[PDB]
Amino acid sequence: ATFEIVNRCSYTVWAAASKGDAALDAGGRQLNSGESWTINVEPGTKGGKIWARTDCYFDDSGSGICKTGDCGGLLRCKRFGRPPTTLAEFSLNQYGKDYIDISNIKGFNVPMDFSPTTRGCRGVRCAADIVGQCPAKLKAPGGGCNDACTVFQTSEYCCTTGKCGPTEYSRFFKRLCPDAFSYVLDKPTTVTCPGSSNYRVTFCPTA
């Protein structure tokens, strides 16, 4: 499957793509404002994620640091990123269908649109100014708006037992972005697409 990752932000982002235990394609790349990076994701990939990282520094060997979404200091991500990270999540060719969503469960750093480039389903978007409106206690000093589980580490926010409800914090993410997961047990906003669809992830789709 092809994913075109487009940076429409006015600032540079370092895109990342991983399935948690391995990189997807090269795993990461710098995208200056307006740049597009096309990756190939193997059919059948389950639990893949794409995210943006901000304010990165990398040396000649691809080792460094990012203020949001750092994946163990690598330019080329092999693992998931450090919150806060708005996430494009996908599972491909699962009994003939693809499943996509946007999640704020690990916080939000950059606005995103995640849409198919092929026929048969709608896209999802979370483009509200969550960082600007972020509740004081969730603001991340390095940038972004943390989820409550990251900040407070309680069974209720992290849904540790699988018995949690919405919270004042999850409702904030849900109010600004109804089409994104706001907590682990949120009413799913997953979209079913035809198996083997192709996609585009756009950072800052509106600004």
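All residue numbers refer to positions in the sequence shown, first residue = 1.
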Averaging C-alpha B-factors over each stretch, which comes out higher, 134-142 or 147-155? 134-142
Look up the CA B-factors in the entry and say which stretch, 173-181 or 54-62, has the higher mean. 54-62
Between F108, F90, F80, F114, which carries the biggest CA temperature factor in the record? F80
Could you check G48, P166, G162, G34 and tell me which one carries the biggest Cα B-factor in the deposited entry? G162
Lowest, middle or highest third: where is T206 by C-alpha B factor in its chain? highest
Pull the Cα B-factor of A22 out of the PDB entry and bin it into the chain's lowest, middle or highest third. highest
Using the B-factors in the PDB entry, rank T12's C-alpha atom against the chain and give the third, lowest, middle or highest. lowest
Split the chain's modelled residues into thirds by Cα B-factor; is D101 in the lowest, middle or highest one? lowest
